[PDB]
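Written below as C-alpha cells is the structure these notes are about.
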Amino acid sequence: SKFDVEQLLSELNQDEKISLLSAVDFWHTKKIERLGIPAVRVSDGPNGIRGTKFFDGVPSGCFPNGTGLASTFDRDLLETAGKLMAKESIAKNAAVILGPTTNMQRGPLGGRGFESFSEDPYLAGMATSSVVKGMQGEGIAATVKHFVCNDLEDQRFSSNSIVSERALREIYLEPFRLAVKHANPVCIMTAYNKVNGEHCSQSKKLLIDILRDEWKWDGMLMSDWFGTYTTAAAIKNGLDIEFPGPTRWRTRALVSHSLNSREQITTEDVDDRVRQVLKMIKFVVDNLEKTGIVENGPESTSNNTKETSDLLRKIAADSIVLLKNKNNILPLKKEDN
Amino acid sequence: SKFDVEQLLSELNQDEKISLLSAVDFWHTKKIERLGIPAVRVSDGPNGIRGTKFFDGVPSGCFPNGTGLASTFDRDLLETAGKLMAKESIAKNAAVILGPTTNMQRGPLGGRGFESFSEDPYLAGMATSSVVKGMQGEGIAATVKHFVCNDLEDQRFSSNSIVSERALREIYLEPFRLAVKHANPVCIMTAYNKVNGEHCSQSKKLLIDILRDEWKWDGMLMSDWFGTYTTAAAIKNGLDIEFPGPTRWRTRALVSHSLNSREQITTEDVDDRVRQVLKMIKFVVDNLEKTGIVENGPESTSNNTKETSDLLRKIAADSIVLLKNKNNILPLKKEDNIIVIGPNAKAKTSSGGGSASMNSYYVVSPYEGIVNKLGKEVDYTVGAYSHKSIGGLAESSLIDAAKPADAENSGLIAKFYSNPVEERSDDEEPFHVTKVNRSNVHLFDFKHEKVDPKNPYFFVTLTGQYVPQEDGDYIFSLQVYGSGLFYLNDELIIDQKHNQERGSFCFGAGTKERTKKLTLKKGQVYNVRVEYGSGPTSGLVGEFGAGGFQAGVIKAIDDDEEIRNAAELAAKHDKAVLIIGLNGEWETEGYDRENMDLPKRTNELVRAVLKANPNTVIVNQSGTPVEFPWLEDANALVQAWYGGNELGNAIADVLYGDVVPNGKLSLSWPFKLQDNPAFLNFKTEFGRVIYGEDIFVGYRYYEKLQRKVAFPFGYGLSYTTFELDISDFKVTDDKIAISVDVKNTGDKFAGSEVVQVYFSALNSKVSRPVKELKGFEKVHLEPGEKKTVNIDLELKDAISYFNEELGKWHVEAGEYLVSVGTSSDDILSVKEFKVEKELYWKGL
Amino acid sequence: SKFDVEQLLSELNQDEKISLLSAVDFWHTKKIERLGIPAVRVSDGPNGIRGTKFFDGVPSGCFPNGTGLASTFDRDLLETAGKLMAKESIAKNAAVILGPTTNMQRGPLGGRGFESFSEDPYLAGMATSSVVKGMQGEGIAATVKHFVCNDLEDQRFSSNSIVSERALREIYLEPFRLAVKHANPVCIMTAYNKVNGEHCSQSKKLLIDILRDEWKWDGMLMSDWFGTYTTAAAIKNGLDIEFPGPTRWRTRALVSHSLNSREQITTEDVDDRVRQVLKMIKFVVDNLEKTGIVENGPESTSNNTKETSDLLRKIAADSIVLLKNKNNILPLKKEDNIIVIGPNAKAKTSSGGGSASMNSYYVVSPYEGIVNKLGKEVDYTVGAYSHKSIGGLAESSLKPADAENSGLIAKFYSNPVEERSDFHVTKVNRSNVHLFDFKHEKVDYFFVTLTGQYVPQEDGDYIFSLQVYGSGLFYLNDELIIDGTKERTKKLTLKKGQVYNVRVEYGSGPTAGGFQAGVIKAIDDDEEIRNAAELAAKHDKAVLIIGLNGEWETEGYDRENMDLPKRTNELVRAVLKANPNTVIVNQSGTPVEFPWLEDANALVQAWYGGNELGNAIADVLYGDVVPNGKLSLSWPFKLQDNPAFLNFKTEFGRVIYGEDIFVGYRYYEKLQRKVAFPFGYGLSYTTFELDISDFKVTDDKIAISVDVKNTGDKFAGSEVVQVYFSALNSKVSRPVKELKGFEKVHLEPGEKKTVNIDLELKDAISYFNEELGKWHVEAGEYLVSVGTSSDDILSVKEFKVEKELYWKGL
C-alpha cells in the first residue's frame with residue numbers, strides 16, 4: 001500500500017479535512033490533489049449498478065430483487081451474485097456499491113419491501129453477508145443500508161420508529177450485526193428516519209455505542225441522500241460523510257464557525273470522522289490494481305456478455321418459488337398447446 | 001399605518017417567511033415587494049451613526065463614548081442626545097440604530113468598556129432608557145445590546161460567562177430590565193458569548209422565559225454579526241433574525257429540511273420569529289411619514305450643521321470629569337503663557353475602536369480646541385509617542401505631488417481588481433476606484449457586484465506620492481487581514497504575504513505590524529504603492545471575511561531627547577497642558593487591554609513635565625481607568641474620555657471655564673489593576689469566565705472591602721462648591737419621596753451638581769452591598785442660588801434584592817438608610833426608615 | 001484469613017445484605033453471627049480517640065489540632081502520631097478512627113478550620129497520608145474526611161459548594177488523591193454539603209466516577225452522621241454505609257420495596273455497596289491478631305503512660321511556630337523574674353469544639369507548664385476575661401477536699417421535681433453536660449437533679465450561669481436564681497470560705513439534650529487591665545497568653561470575624577506599653593488579627609496543643625525545644641484581605657468558590673498582597689543557610705539535593721526545606737509558585753546535611769486542564785525554588801521540559 005491513513009491525517013489542513021466530510025456531487029467524494037487522494041465514485045444499487053445517471057444512463061445488468069434473491073436460500077449463489085455485481089461496478093468505474101439493502105418487512109406493504117432480503121433476521125443477515133463477501137472479494141466496497149429501522153417509506157425523512165431494545169436488537173440490528181461479523185462491510189449507509197426520537201444519522205447510540213464501541217466495526221458511515229439534519233450533532237455523534245454534494249450541513253463556514261465558537265463539536269470530532277473517510281479511501285486505493293478502477297473514469301456496457309447473461313438467468317431461475325402444482329400441470333411440455 | 005402584521009403573516013408563503021429570518025446583506029432586511037414589506041436599513045452604533053460602510057463611508061456626527069455619556073449623570077441631556085442620534089440616523093436613511101450598548105465593566109480592562117455606560121446597573125439602565133426614549137420619540141428604533149454578559153472581548157464567540165442568578169439579575173440583566181420597563185426598545189441584539197453554558201443567541205431562558213414570558217417585551221431580537229451558531233435551536237429558542245446576510249444558518253434548504261424532517265423546529269416556531277420581525281418592520285412603516293426614511297435611500301451629511309456641532313460640543317463638555325484641581329491651576333486664562341504637550345494633544349481620539357467608530361465630519365483635536373479658544377498659535381511639543389501601530393500615510397500623501405495639496409489631490413488612490421497584479425492583463429480595468437483619506441482601509445462590509453458576499457475575493461492596488469517634511473529616518477508599516485506588499489519607488493519594502501503572524505490588526509484577527517525604517521530626503525517625491533488581496537485570497541487556511549489593511553508612515557524621533565525637550569520647555573512657561581491617554585487601538589472591540597498602564601514613554605514624560613513645572617494640568621483621554629503612578633505630584637487632573645467630533649472644543653471650554661466641569665465618574669478608578677474585583681477572572685480560560693465577585697461589582701466591591709481607590713464612582717469636582725440637605729422625607733408603605741435642597745456656596749462660578757441617592761439595608765440577614773445607587777438628579781445653580789430637587793420612587797425599585805433560592809425579587813421588612821451625596825464617597829445627608837410590608841415580585 | 005468477602009456476599013440473604021448498609025447505633029456496624037461477621041466499632045476523631053460516649057467519656061490522649069500538626073512539616077513525626085492514635089484507639093477497642101480531616105481553609109473563619117491540616121493541598125495531602133500510614137501500620141483503619149468541599153460550617157447539611165472542575169481537582173480533591181495514592185485509607189467519610197448541585201453522599205461523579213473508576217480506590221465510603229438524604233440514589237451512586245443507626249434511609253422495607261418496585265436501584269447496586277462494607281470488615285478481622293480488638297469491647301485509659309505523655313508533649317512542641325523574636329527576648333532564662341498574664345494562661349484550651357474534642361486524662365495549662373519548668377510558684381494575673389460563656393462550676397465544686405469528692409453529682413429521673421414522691425447516677429467533672437449520645441434502659445424524656453456545694457475563694461461578686469436545651473432551673477441555697485437557649489446569668493455577692501448549695505433541676509431536650517451551669521469570679525475590667533499593666537512594669541518580663549478557645553472555634557458554626565475576643569486587644573496594648581519585653585503566646589486553630597503587632601516584640605503561635613499543651617509551650621519559651629514549626633496557613637493582616645471574604649457564608653443555599661484555584665498563599669502572591677505572616681514561615685533560635693547542591697531532570701523525574709547548614713554556634717535546631725515550582729512561560733494562568741516537596745532536617749550548631757527530594761515531573765508541574773478534563777504536563781521552562789518559607793526563597797534552578805503528558809488517575 002502507498003496509502004497511509006495516519007500520515008495523510010497528519011498532513012491535511014482544516015479546510016481539506018472539512019471538505020472530505022461531504023461528497024462533491026451526487027456520486028463522488030472529494031479529491032485532494034496535493035496528497036494523492038482520489039475522488040471515489042459510488043453507485044446504486046442492491047440489484048445491479050446504475051452508474052452516474054438516471055436520465056440517459058448507461059445500460060447495465062439488473063439482478064432479481066432482494067426478496068427473490070433471499071428466496072434462493074443459497075449463500076454460494078448469493079456470493080456469486082455479489083462478485084458479478086462487482087464486475088458490473090468495475091464496468092461503471094464505481095469503486096463502492098450502495099448495497100445491499102436489509103431493512104425488514106415487518107408488514108407486507110413497504111414501498112421498498114421488494115428491495116431488502118427477508119422478514120427473518122438470520123436469513124436477511126446471511127444473505128447480506130454473502131452478497132458483501134462476493135463484492136468485496138473482487139476489491140469492491142459494499143455499503144449495507146439503511147441503518148436502521150427504515151421499514152416503511154411514508155414520511156421517511158421524519159418517521160420516528162419507536163421500538164423496544166429487545167426488538168431493535170433481535171429483529172432490525174441483527175442482519176447488520178451478522179453482516180459486520182461475517183463480512184466486515186467497508187461502508188454502512190444511515191437511514192432517513194429516526195429511532196426512538198433521534199435521527200439515525202446523528203444517533204450516538206447507533207453510530208458510536210453500537211457500531212464502534214460494542215461491535216468494533218471500523219468502516220465508513222455515509223448518510224442516505226440529503227439524510228443529514230444538523231451540522232454539529234451529526235459530526236459529534238458519528239456520521240462520517242454527508243451525501244450528496246454540494247454540502248448543505250458541512251460547509252467550511254458552518255463547521256469551522258461551530259469549532260471556533262465551541263458550539264458542540266471539537267477538532268477531535270472532526271478528525272474522528274475524517275479518519276473513517278480516509279479508511280474507506282485506503283480500501284479503494286489498495287485495490288486499484290485488482291479492480292483497475294479509473295478515477296472519474298468512463299462508464300461502459302462492457303460486462304454485457306453471455307457469461308453475465310447466463311448467470312443472471314440462473315440467479316433469476318433459482319429465485320422463483322413454486323407455490324402450487326396440483327395434478328402435474330407443471331412442468332409444461334413443449335408441444336402442449 | 002395600514003401595515004398589518006397578522007394579515008401579512010397569513011399571506012407570506014413559507015419561503016418568504018424563511019427569507020425574513022435573516023438579513024440580506026450587512027445592514028438590510030428582506031424586501032417582499034408583492035406584499036409591500038420594505039427592506040429596513042439598520043446602522044451602528046451607540047455613539048453616532050456610521051451608515052452602510054466602513055471604507056469610503058459618509059462622514060457623520062460622532063458623540064462622546066458611553067462611559068463619557070453616563071458621566072453626565074443627566075437624563076434630559078441623554079434623551080436630547082438620543083434625538084440627535086435619530087436625526088443623524090435619518091440623514092443616513094437608517095430606520096434602526098444598533099445601540100445603545102450596556103454591558104457592564106465588571107473589571108476595567110474590557111476592550112468595549114469605553115462603549116457601555118457604567119458599572120452601576122441603575123446609572124446604566126437610566127442612561128440606556130434616556131437614549132432609547134430620545135431615538136424612539138423621533139420615530140427611529142433603538143437596539144439595546146449585547147444581551148447579555150458580553151463583558152469582555154477575549155474569545156467572545158465561545159466565551160462562557162458563568163454567573164449566579166442573583167448577580168445575573170442585579171447587575172447584568174438589570175440595565176435591560178430598566179430599558180424595557182421605561183423605554184420599550186423596538187429591538188435587542190443578542191451577545192456573542194454564552195451564559196452558563198448556552199450561547200445567548202439560542203438560549204430559551206434569556207430570549208423567551210425572561211424577555212417574553214416574564215417581562216412581556218414584544219420587540220425583535222437580532223443576532224450579533226455572525227453571532228448565530230445553529231439552524232434549528234436559535235429559531236426554536238427565540239432568535240428572530242440572523243445578521244448579516246447572506247444567511248449561513250437559515251438558508252431555505254436548511255430551515256425547510258429541518259421543518260420537513262421534524263428536526264427540532266415546527267412551522268409554529270418559524271411563524272413566531274417571523275411575527276416579531278413583522279412587528280419591527282411595522283414600527284418602521286408606521287413611522288415613515290414622520291421620519292421621511294427612503295427605502296435603500298442615499299446617505300448624506302445633511303445633519304452637519306451648527307446646531308449639531310453646538311449640541312455635540314455641549315454633550316462632550318458635560319461628560320468631562322474634573323478629578324484634581326489644587327493651587328488654582330484651573331481655570332486657565334488668556335494671560336497664562338502655556339505650552340501644550342503630549343501624544344494626545346494633536347491626536348483626534350474621537351471614539352473607541354470597532355463597530356462603535358465611524359468616519360466623522362471633522363474632529364477637533366485638543367490642541368486645536370485651545371488654539372480656537374485663544375485666537376492664536378500656541379506653543380507645542382509632542383513629548384512622547386503613544387500609538388499602538390503606525391498609520392498616517394493616506395493622511396499626508398498626494399495623488400500628484402506636483403499639484404497643490406488640494407482636497408481632490410490629497411490622499412491615495414485605491415483601485416480594485418478581480419485579479420492580482422502578478423496575473424492580470426495590462427488591459428484589465430479596475431472594477432472600482434476610490435480616493436482614500438484614512439490609512440486604515442477597513443473592508444469588512446465592502447460591497448460591489450464584482451465581490452461575492454459568500455467569498456469576498458478581490459485585490460486592491462493602492463497608490464500615491466509621499467513628500468517628507470524633514471530629512472531623516474522614517475518608519476513605514478503594513479498590517480493586513482488578507483495579503484499585502486508595500487512598495488516604495490517600486491522596491492518591495494514590507495512583505496505581509498509570506499509567513500504571516502497573527503496580531504492586533506482588524507479586531508485581533510489580522511497580522512502583526514511589519515515595518516521598514518528608511519533614510520529619507522526632504523522634499524524628494526517617493527512613490528508609495530500597496531498591493532493587497534482580501535481575506536479569501538491569501539492562502540491561509542480557513543473561512544475569511546474581506547478584511548482590510550493599513551499602510552502607515554511616521555517620522556522617527558530621538559525619544560529621550562524629546563522628553564528632555566518637553567521638560568525644558570515646560571519650565572519656561574507659566575503652565576503646561578499635558579494631553580495623554582489611550583486611543584481606539586488600545587481600547588477596541590476584538591480584544592481586551594492587557595493591563596491598566598498608560599502606553600510607552602507616557603509616564604516618563606509626565607514625571608519629567610511635573611518635575612520641570614508643577615503647574616501642569618493633565619488631560620487624560622481613555623474610556624476606562626488607567627493607572628496614574630505619579631498621581632500625588634499631579635495638581636490638576638481632567639478626565640475627558642473620547643469626546644467625539646467636538647472633543648477639542650469641549651476640552652478648551654472646560655479648561656477655561658466657559659463650561660464649568662460638571663461630570664461625575666461613571667466607573668470606579670482603582671489605584672492598581674490588582675485592586676480590581678475581576679483581577680483574577682478577566683480572561684476566557686478553558687472557554688469560561690467565572691464571575692467570582694458575584695454582585696460585588698465596581699463600588700459595591702470596593703466599599704464592601706473598604707479598599708481605597710484613586711477616585712470613586714460618582715466623583716467629580718467643580719469650579720464652584722455646593723452643599724445640600726434633605727429638606728423633606730416621606731415614606732408610605734409603597735413609596736419614598738425625598739426632597740433635597742442644593743446650594744451653590746461659591747460666589748464666582750455658576751455650575752451644576754449631581755445629587756446621588758443610595759440605599760442600604762441596616763440589619764438584613766442577606767448579604768448586600770454597603771449601599772446602592774437608586775436615584776440621581778443634576779441641578780444647575782447660580783452663585784448663591786438654592787433649589788429643591790425631588791426624588792420619588794417605588795420601594796420595590798429602591799430596596800429589592802433578588803432572592804436566588806426563591807427565584808424572585810424581595811422587599812424585606814426592616815430598617816433602611818437613604819444616603820444622599822455628591823459621590824459614592826461623599827455622602828452629605830442621611831435618613832433611616834422602617835419598612836414592614838414585605839413584597840415578592842417578578843417581571844418589570 | 002477466616003474472612004472471605006465474595007463467599008460471604010454469596011451467602012448473605014437479602015435482609016442481611018440490607019442490614020450491613022447502615023450502622024446499628026452511633027458507633028457500630030452490624031453483627032451477623034450466622035456468618036462470623038462481627039460488629040466493628042468506629043470512633044472520633046482526628047486529634048484523639050473519644051470512644052462511645054461524650055458525657056461520662058472515658059479519658060483519652062488529646063493531640064494538637066490539625067493546623068498545628070501540619071505546621072510541623074514533619075512526615076515522620078506525623079506517622080508517629082497516627083501510630084500513637086492507633087494505640088489510643090485500641091485502648092478504646094475501636095477498630096476504625098474517624099480521621100484524619102482534610103477540608104481546606106479557603107478562608108480563615110471556618111468553624112472547623114482548626115481541625116483540618118492546611119490551605120496548601122500538598123502539605124494537607126502528605127500530612128493526611130502520613131497520619132493514615134501511622135494508623136494503618138498498627139492495623140487500625142483510617143477514615144479520611146469529609147469528601148468533599150465541606151470547607152465551612154454554615155448550613156452544612158444543605159450548603160452547595162459551587163466550584164469549577166479545575167479548583168475542585170487542584171485544591172479540594174488533591175489531598176484525598178494524595179492520601180489514596182500514598183496511603184490507601186480503608187475508609188473515607190462523605191461530606192454533609194453538596195458539590196455543584198448534588199449532595200456528596202449520593203454523587204456518582206464523586207463516589208464512583210472519581211473514587212472508583214478513575215482512582216481505583218477500593219475502600220469503604222460512609223456518610224457523615226445523618227448525612228444521607230435519599231434511599232435509592234445514595235445506594236445507586238456509591239454510598240456504602242449510612243451512619244448513625246438506627247437507619248433512616250435504609251430500613252429493610254424502604255430498600256426491598258425500591259428493589260421490588262423497580263424504583264431506581266437493582267440488587268446489583270445493593271451487592272456493590274455490601275461488597276465494600278465486607279472489604280472493610282475483612283481489614284478489621286485480618287488485623288484482629290495484631291490489634292487485639294475485642295468485639296463490643298470495654299473502653300480503658302490503658303494508653304495513659306509516660307511514653308504517650310512524652311510523645312504528645314513532643315508533637316505539641318514541634319507544632320509551635322515562633323513568629324517574632326526581636327532583641328533576643330526569647331528564650332527566657334529560668335532566673336528571669338516574670339509574671340504570666342492572660343485569659344488563656346490558666347485555661348486548658350486543648351482542642352477546638354465539637355466532634356474532634358474529648359475528655360482528656362489531664363491538660364497542662366500554659367501557666368502550669370511554666371510553674372513545672374521553673375519548679376516554683378509564678379506570679380500571675382488574669383488580665384482580662386475572654387470566655388464566650390461562663391462554665392467552671394463543676395470544675396470548682398464539691399468537708400473532705402478529695403479528688404473523688406470533686407465536682408457535682410448527676411441523678412437522672414423519670415419525672416419532674418415538681419412531681420416525685422421521694423435510675424442513673426454519675427460523677428460530673430465538667431460544667432458542659434452534653435447528653436446527645438446518652439442512653440439508658442429507662443429512656444427512649446428524662447430529668448436531672450445536679451447537686452453539690454460551691455465554696456468561694458475570695459470575697460465579692462460571682463456570676464452564676466445556665467444554658468439549656470431545652471429545660472432547666474438553677475437554685476443556690478435552695479432559692480431560685482436562674483430560670484438551644486441563650487445564656488442567662490445571675491450576679492450574687494458571696495464570702496470566701498462559705499459553703500453554698502448548688503442544685504440544677506433539668507429537663508431533657510423534648511421538654512436529645514444538654515446543659516451547662518457555670519460560675520465565675522466577677523472582676524472590674526478596667527481595673528484588671530490597669531493592674532496587669534502595673535504588674536508587668538514591675539517584672540523583668542511578662543508572658544501574656546491570649547487567643548480563642550473551643551467555643552469561638554467549633555464545629556457547627558463559622559466565626560463571624562477574625563478579632564480576638566472582648567478586651568484582649570486592650571489588655572495587650574496596656575501590657576506592651578508597661579513592658580516592651582513581653583512575649584505573647586497565642587492559641588487559635590486559624591488566624592486572628594493582631595492589631596498591635598508592630599509593638600509586639602516576641603510572638604509565638606501555639607495552636608491548641610492537646611494534653612501536654614502547657615509543657616510544650618514552656619519547652620519552647622525556655623529553649624529546651626528550639627522552635628521548629630512553620631505556618632500551615634497564610635496569616636493576613638485583616639479579614640477583608642482574604643480571598644473568600646465575600647463568599648464565605650451559605651447564601652440562598654450556596655457558596656461560590658469565586659477565587660477558583662487561588663486559595664491561601666496562591667492568592668496573596670498572585671495579588672502581591674502583603675500578609676502578617678506567610679505560608680511556611682517560622683523562626684528559630686539558630687540561623688540556617690541552604691543551597692541546591694545537585695539537580696537532575698530526565699523526561700519523567702526530577703531529583704534535587706539540598707545542603708542545609710546550622711550556622712549558629714549555640715542551639716541545635718531543625719529547619720524545613722520547602723520546594724516550590726513555577727511555570728515561567730505557560731499558556732495557562734497558574735499560581736506564582738506551588739509547594740511540591742519539603743524535608744525537615746535536624747542540625748547541631750555548625751552541622752551540615754544534604755537532603756534529597758525526588759519527584760515525578762507529573763507530580764511537580766501538572767495543572768488540571770478543565771477543557772480537556774485531564775491533567776497536563778506542559779512543555780516549557782520551569783523554575784524550582786527552594787527556601788524556608790513561601791517568601792524566603794534561598795536557591796533556585798531553571799529547567800526545560802520538552803515532553804508533554806496528559807494523564808488522569810493517581
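First the proteins, then the strands, lettered A, B, ... as listed; each starts at 1.
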Taking atom CZ of B/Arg262 as the centre, does the number of heavy atoms from other residues, nucleotides or ligands within less than 6.0 Å exceed 12? no
Just one of B/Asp218, B/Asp240, B/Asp271 clears the side-chain hydrogen bond (donor to acceptor under 3.5 Å, both in side chains) bar with B/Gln276, so which one? B/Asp218
Flag side-chain contact, heavy atom, 4.5 Å: B/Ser1 against B/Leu288: no
Counting only heavy atoms not in B/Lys30, do more than 12 fall under 6.0 Å of its NZ? no
Using the test side-chain contact (heavy atoms from CB on, under 4.5 Å), find all partners of B/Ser666 that sit at least two apart in sequence or belong to another chain. B/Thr67, B/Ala70, B/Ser71, B/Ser118, B/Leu123, B/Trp641
If the condition is salt bridge (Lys or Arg N to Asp or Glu O under 4.0 Å), which residues does B/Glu812 pass it with, not counting sequence neighbours? B/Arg768
dist B/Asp733:CG -> B/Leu839:CG (nearest 0.5 Å) comes out at 11.0 Å
Looking at B/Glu838, I want to see if its CD is surrounded by more than 12 non-hydrogen atoms of other residues, nucleotides or ligands under 6.0 Å. yes
Rounded to the nearest 0.5 Å, what separation is found between the CG atom of B/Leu311 and the CZ atom of B/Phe63? 7.0 Å
Centroid separation under 6.0 Å, is that true for the rings of B/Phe444 and B/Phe26? yes
Please answer whether the main-chain N or O of B/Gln202 pairs with a side-chain N or O of B/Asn237 as donor and acceptor at a distance below 3.5 Å. yes
Side chains of B/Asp25 and B/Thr52 in contact at under 4.5 Å (non-hydrogen atoms): no
Check: B/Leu98 and B/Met222 side chains under 4.5 Å, non-hydrogen atoms: yes
Please collect all salt bridge (charged side-chain N to carboxylate O under 4.0 Å, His left out) contacts where either partner lies in residues 182-203 of chain B, sequence neighbours excluded, each pair once. none
Flag, side chain of B/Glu170 to backbone of B/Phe802, donor-acceptor distance under 3.5 Å: yes
Would you please say whether a donor-acceptor pair under 3.5 Å links the side chains of B/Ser355 and B/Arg112? yes
Are B/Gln14 and B/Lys17 close enough that a side-chain donor and a side-chain acceptor fall under 3.5 Å? no
Other residues, nucleotides, ligands: >12 heavy atoms within 6.0 Å of B/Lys279 NZ: yes
Per side-chain contact (heavy atoms from CB on, under 4.5 Å), B/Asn103 is matched among B/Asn193, B/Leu152, B/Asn150 by B/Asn150
Parallel under 30°, tilted from 30 to 60°, perpendicular over 60°: which one fits the rings of B/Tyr840 and B/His810? parallel
If we only count heavy atoms from C-beta on, is the B/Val274 to B/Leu21 side-chain gap below 4.5 Å? yes
B/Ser800 (side chain) donor-acceptor with B/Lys796 (main chain) under 3.5 angstrom: yes
Step through the shown structure and confirm whether more than 12 heavy atoms of other residues, nucleotides or ligands are within 6.0 Å of NZ on B/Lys282. yes
Exam field: side chain B/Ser223 to backbone B/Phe243, donor-acceptor pair closer than 3.5 Å: yes
Quick check: do B/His146 and B/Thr101 have side-chain heavy atoms less than 4.5 Å from each other? yes
Strictly by modelled atom types, are B/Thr228 and B/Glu242 linked by a side-chain donor-acceptor pair under 3.5 Å? no
Do the side chain of B/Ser300 and the main chain of B/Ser302 share a donor and acceptor less than 3.5 angstrom apart? yes
Got a sec, which residues hit side-chain contact (heavy atoms from CB on, under 4.5 Å) with B/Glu289, two or more places apart in sequence or on another chain? none
For a 4.5 angstrom cut-off between non-hydrogen side-chain atoms, does B/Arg169 reach B/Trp809? yes
Salt bridge (charged side-chain N to carboxylate O under 4.0 Å, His left out) pairs touching residues 175-188 of chain B, sequence neighbours excluded, are B/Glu174-B/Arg177
B/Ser201 versus B/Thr190, side-chain donor and acceptor atoms under 3.5 Å: no
So do B/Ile695 and B/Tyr801 actually touch side chain to side chain, heavy atoms under 4.5 Å? no
Is any side-chain heavy atom of B/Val42 closer than 4.5 Å to one of B/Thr143? no
Residue pair B/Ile37, B/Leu12: steps toward the side-chain contact (heavy atoms from CB on, under 4.5 Å) verdict: CA-CA 11 Å; B/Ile37 298 177; B/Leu12 286 155; 4.1 Å; yes
With sequence neighbours left out, what residues match B/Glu79 under salt bridge (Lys or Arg N to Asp or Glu O under 4.0 Å)? none
Mind jotting down which residue pairs meet the salt bridge (charged side-chain N to carboxylate O under 4.0 Å, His left out) criterion with at least one end in residues 34-49 of chain B? Sequence neighbours excluded, please. B/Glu16-B/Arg34, B/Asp44-B/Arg50, B/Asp44-B/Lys145
For the backbone of B/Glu119 and the side chain of B/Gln105, can you confirm whether one donor and one acceptor N or O come within less than 3.5 Å of each other? yes
When rounded to the nearest 0.5 angstrom, what distance separates CG in B/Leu84 from CD in B/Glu138? 9.5 Å
Cation-aromatic face contact B/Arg106/B/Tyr691, 6.0 Å, 45 degrees: yes
Mark yes when over 12 heavy atoms from residues, nucleotides or ligands other than B/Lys236 sit less than 6.0 Å from its NZ; otherwise mark no. no
Are the side chain of B/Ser43 and the backbone of B/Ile49 linked by a donor-acceptor contact shorter than 3.5 Å? no
Under a 3.5 Å distance rule, please check whether B/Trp217 uses its side chain to pair with a backbone N or O of B/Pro185 as donor and acceptor. yes
For residues 65-77 of chain B, pull every pair meeting salt bridge (charged side-chain N to carboxylate O under 4.0 Å, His left out), keeping only residues two or more places apart or in separate chains. B/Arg75-B/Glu777
Which residues share a side-chain contact (heavy atoms from CB on, under 4.5 Å) with B/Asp209, sequence neighbours left out: B/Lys204, B/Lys205, B/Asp213
For the pair B/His199 (side chain) and B/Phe157 (backbone), establish whether a donor and an acceptor sit closer than 3.5 Å, ignoring hydrogens and angles. yes
Any donor-acceptor pair under 3.5 Å linking the side chain of B/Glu295 with the backbone of B/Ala39? yes
With sequence neighbours left out, the residues meeting side chain to side chain donor-acceptor pair (under 3.5 Å) with B/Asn303 are B/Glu88, B/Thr308
Please determine, by modelled atom types, if B/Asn65 and B/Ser351 share a side-chain donor-acceptor pair under 3.5 angstrom. no
Of all residues at least two apart in sequence or in a different chain, which pass the salt bridge (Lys or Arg N to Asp or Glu O under 4.0 Å) check with B/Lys290? none
Pairing residues for B/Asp734 by the side-chain contact (heavy atoms from CB on, under 4.5 Å) criterion, not counting sequence neighbours: B/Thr732, B/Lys837
